[PDB]
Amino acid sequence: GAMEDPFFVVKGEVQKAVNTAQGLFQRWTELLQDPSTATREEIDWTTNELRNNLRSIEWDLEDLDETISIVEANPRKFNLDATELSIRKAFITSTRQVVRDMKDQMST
């Protein structure tokens, strides 16, 4: 009953969420910089959907980070390539900051 490792599946979804968020953030910036086009409703909607993504991404990263601890506590069971694992770790860490950097330029 061997199972397929879904880590890389969720990883791709997080990246996809990070890409959408980035597009939303650049939009937010362009709105908040020029209140010529920047109507309140559109600003509210953009800030809201940017949060909708930052939300999914943070839960996602929590879970992903935990699976790392699970593999490290039970390595024999999972049989993961060590370079691959280090990449998993670097993905979690770098995505954390990428998102963190968006949140900083927002909440201030």
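Residue numbers run from 1 along the displayed sequence.
- Comparing the deposited coordinates for 42-50 and 29-37, the stretch with the larger average C-alpha B-factor is 29-37.
- The PDB entry assigns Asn79 a C-alpha temperature factor belonging to the middle third of its chain's modelled residues.
- Ranked by C-alpha B-factor against the other modelled residues of its chain, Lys16 falls in the middle third.
- Sorting the modelled residues of the chain by their CA temperature factor places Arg96 in the middle third.
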